[PDB]
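Chains as they are written, first to last, in the deposited numbering: chain D, 11 to 84; chain A, 42 to 260, 263 to 420; chain M, 265 to 316; chain L, 17 to 44. Cβ coordinates follow ideal geometry from the N, Cα and C atoms, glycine included. To keep things clear, I will list the structure first and then write my remarks on it.
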Amino acid sequence: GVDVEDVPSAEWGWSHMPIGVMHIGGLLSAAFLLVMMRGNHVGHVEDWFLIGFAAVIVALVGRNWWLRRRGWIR
Amino acid sequence: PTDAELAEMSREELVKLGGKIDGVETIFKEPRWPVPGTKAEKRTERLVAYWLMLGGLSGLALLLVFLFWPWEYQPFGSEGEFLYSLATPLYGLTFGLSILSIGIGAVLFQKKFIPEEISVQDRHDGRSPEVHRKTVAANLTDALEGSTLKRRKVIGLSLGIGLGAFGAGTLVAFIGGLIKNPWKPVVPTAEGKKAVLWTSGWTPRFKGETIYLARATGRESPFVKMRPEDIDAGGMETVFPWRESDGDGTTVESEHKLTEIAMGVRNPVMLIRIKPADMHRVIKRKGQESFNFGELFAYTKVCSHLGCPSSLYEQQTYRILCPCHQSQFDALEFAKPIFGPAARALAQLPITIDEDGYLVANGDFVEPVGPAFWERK
Amino acid sequence: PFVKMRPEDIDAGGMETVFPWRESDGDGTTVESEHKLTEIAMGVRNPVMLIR
Amino acid sequence: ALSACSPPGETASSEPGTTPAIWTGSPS
Ligand SMILES: CCCCCCCCCCCCCCCC(=O)O[C@H](COC(=O)CCCCCCC[C@@H](C)CCCCCCCCC)COP(=O)(O)O[C@H]1[C@H](O)[C@H](O)[C@@H](O)[C@@H](O)[C@@H]1O
Ligand code: FES
């Protein structure tokens with residue numbers, strides 16, 4: 011799924027992962043970080059850390075998906 | 042090659058022929074010291090010799106140190122404890138040094154004197170030649186077809202049935218000695234016979250049994268009754284279910300009972316005296332509103348996650364902590380798990396005092412104590 | 265498991281296996297007592313044939 | 017990787033409860 015210009019040694023071994031796997035992986039990782047807010051803990055600093063990391067992951071996935079959908083990123 | 046011309050081959054030619062038979066061609070092999078009579082060869086020979094000699098002298102040191110060093114354990118803070126502490130490091134030093142030096146000498150001999158070679162072997166892998174594959178397939182098919190088992194369905198069906206039945210019977214008669222019902226009532230109780238997982242040493246046995254909270258003195264009479272004023276506020280105690288009929292460790296049956304109560308996995312109880320200035324902060328569990336005796340609460344010392352002793356009492360936070368997986372229960376909220384992988388509260392033991400004033404258990408745990416299982420709740 | 269004897273306990277034509285018991289070994293109620301009595305009864309050179 | 021469930025029998029209370037009575041033990 012890659013070209014010699016992108017991955018020089020593409021003929022030699024497995025060198026492409028479909029972007030769907032990465033996109034759903036990011037969404038699932040964000041969902042896991044969010045769902046970890048349900049549990050047993052008095053404090054709420056960890057909830058904000060989870061929310062921030064989930065936001066960063068969702069932002070990265072959204073930007074990558076948007077740029078592949080518009081043509082800039084391939 | 043014939044015997045006559047084999048008789049007239051040099052050793053190098055014979056090695057070449059032998060390698061060629063096996064599929065191996067040594068395309069390079071040259072002596073390590075082509076130039077005779079140099080000082081560098083002498084130096085390398087003496088280096089290998091010195092490494093092997095160090096190995097020999099270290100083996101001798103191993104023999105001598107093992108035989109003659111003072112090895113017997115020496116008590117704390119006495120003379121001869123330094124030599125005892127050095128005993129085992131000296132065995133390790135001598136043994137490892139000897140064998141490591143021998144290995145180094147062997148590596149150096151290989152790298153410096155054994156001629157460097159580059160041999161090439163043919164793999165001959167993948168599919169077998171068609172003659173071998175066809176002959177082996179024909180042999181197997183001929184066995185199966187001459188057996189005639191295919192055209193005899195009654196014999197094949199009977200053979201399958203019999204072998205399967207014998208295998209099933211043997212497997213059952215093999216594993217069956219290990220299979221134990223965990224719910225066979227074997228433990229007496231003031232309500233009949235009950236399963237082990239439903240009971241502990243705190244379970245009363247004759248409907249009015251006085252079970253004392255006994256501290257472990259860690260000594263003849265390792266357990267003793269204790270009074271509520273024997274715990275200062277903010278202090279923690281590990282108590283065990285001890286009855287009058289258990290004894291004091293003198294007689295052998297008394298020691299057996301005391302051992303069996305000290306080794307009960309669900310026996311230990313954590314007894315904590317809350318400071319009164321914090322007794323307003325106590326939130327009580329439904330159905331356990333009357334299990335504490337004033338400032339003294341009693342909980343199980345068995346974590347509800349995986350059964351480790353949650354035995355770290357932080358008084359200024361009233362937090363029970365289990366070191367196995369870092370669970371935190373709030374002792375002010377009926378030992379509710381506030382952190383970690385624990386999701387169930389620690390059981391609370393009802394306690395009171397008897398006529399003499401000694402702390403006793405006011406009944407049994409109102410739930411199973413240790414880690415959860417299928418049949419819980 | 266160990267009690268003393270008297271010359272009249274055994275009779276002419278009888279035999280008794282006897283063991284060396286001291287009066288500090290005890291009778292086995294305490295744990296040290298049972299350890300000591302086990303040491304008495306599990307010593308390979310201890311038993312003695314006593315014959316009248 | 018799923019959600020959490022509280023134990024059905026682990027609720028809190030508001031009743032303060034009575035002080036435990038002095039204990040007496042049956043002879044056997
Ligand atoms: C590849 C395996 C395929 C075959 C598996 C073997 C067949 C399984 C059943 C065993 C055959 C029955 C033999 C006796 C079993 C029997 O009838 O047990 C009764 C209650 O069984 C039952 O109703 C049925 C048992 C239900 C099976 C439950 C499955 C759990 C298994 C999968 C987990 C065990 C894994 C073992 C791994 C080994 C680990 C160690 C390396 C009540 O036990 P209990 O009243 O405590 O009495 C005890 C005497 O039974 C018993 O012999 C014993 O010798 C006595 O000491 C006595 O305690
Ligand atoms: S056994 Fe206590 S946290 Fe695991």
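Does the distance from the C-beta atom of residue i to that of residue j stay below 7 Å?
i, j, result
"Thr67(A)", "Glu158(A)", "yes"
"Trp92(A)", "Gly144(A)", "no"
"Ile326(A)", "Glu376(A)", "yes"
"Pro43(L)", "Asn405(A)", "no"
"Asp407(A)", "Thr244(A)", "yes"
"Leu88(A)", "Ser142(A)", "no"
"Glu338(A)", "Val295(M)", "no"
"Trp75(D)", "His26(D)", "no"
"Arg309(A)", "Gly208(A)", "no"
"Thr240(A)", "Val228(A)", "yes"
"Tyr342(A)", "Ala385(A)", "no"
"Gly49(D)", "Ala20(L)", "yes"
"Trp224(A)", "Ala236(A)", "yes"
"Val56(A)", "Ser160(A)", "no"
"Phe336(A)", "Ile274(A)", "no"
"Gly197(A)", "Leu190(A)", "yes"
"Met269(A)", "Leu402(A)", "yes"
"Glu410(A)", "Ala390(A)", "yes"
"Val31(D)", "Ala20(D)", "no"
"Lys420(A)", "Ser29(L)", "no"
Closer than 6 Å: is that where the CB of residue i sits relative to any heavy atom of ligand 2?
i, result
"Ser354(A)", "no"
"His368(A)", "yes"
"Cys21(L)", "no"
"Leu200(A)", "no"
"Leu349(A)", "yes"
What's the C-alpha gap between residue i and residue j?
i, j, result
"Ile67(D)", "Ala40(D)", "6 Å"
"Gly60(A)", "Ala48(A)", "18 Å"
"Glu86(A)", "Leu98(A)", "18 Å"
"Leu104(A)", "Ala90(A)", "21 Å"
"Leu314(A)", "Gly292(M)", "37 Å"
"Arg362(A)", "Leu392(A)", "17 Å"
"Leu44(D)", "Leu200(A)", "59 Å"
"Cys365(A)", "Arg73(D)", "44 Å"
"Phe109(A)", "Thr129(A)", "13 Å"
"residue 87(D)", "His51(D)", "As displayed, chain D neither begins before 11 nor continues past 84, which places residue 87(D) out of reach and without an answer."
"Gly33(L)", "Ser333(A)", "5 Å"
"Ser22(L)", "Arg387(A)", "8 Å"
"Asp57(D)", "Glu113(A)", "58 Å"
"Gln162(A)", "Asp63(A)", "8 Å"
"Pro265(M)", "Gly290(M)", "10 Å"
"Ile140(A)", "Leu101(A)", "12 Å"
"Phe123(A)", "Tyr132(A)", "15 Å"
"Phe117(A)", "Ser126(A)", "11 Å"
"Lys318(A)", "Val267(A)", "25 Å"
"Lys300(A)", "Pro271(A)", "25 Å"
"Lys80(A)", "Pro72(A)", "17 Å"
"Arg193(A)", "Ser169(A)", "34 Å"
"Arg84(D)", "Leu70(D)", "15 Å"
"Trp74(A)", "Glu53(A)", "18 Å"
"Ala276(A)", "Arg316(A)", "5 Å"
"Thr135(A)", "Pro111(A)", "16 Å"
"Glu82(A)", "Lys153(A)", "9 Å"
"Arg324(A)", "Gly25(L)", "22 Å"
Using a threshold of 6 Å, is the CB atom of residue i nearer than that to any non-hydrogen atom of ligand 1?
i, result
"residue 262(A)", "Since the model of chain A passes from 260 to 263 in one step, residue 262(A) is not part of what is shown."
"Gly218(A)", "yes"
"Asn335(A)", "no"
"residue 262(A)", "The gap in chain A between 260 and 263 takes in residue 262(A), so it carries no coordinates here."
"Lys225(A)", "yes"
Please indicate yes or no: does the CB of residue i lie closer than 6 Å to some heavy atom of ligand 4?
i, result
"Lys221(A)", "For the structure depicted, ligand 4 is absent and the ligand set comprises only ligand 1 and ligand 2."
Worksheet item: Counting Cβ pairs, one atom from each stretch, are 3 or more of them under 8 Å apart for the segment 339 to 352 of chain A and the segment 364 to 382 of chain A?
Response: yes
Worksheet item: How about the segment 272 to 289 of chain A and the segment 247 to 254 of chain A: do they share at least three Cβ pairs that are nearer than 8 Å?
Response: The count of Cβ pairs closer than 8 Å, one atom from the segment 272 to 289 of chain A and one from the segment 247 to 254 of chain A, reaches three, so the stretches are in contact.
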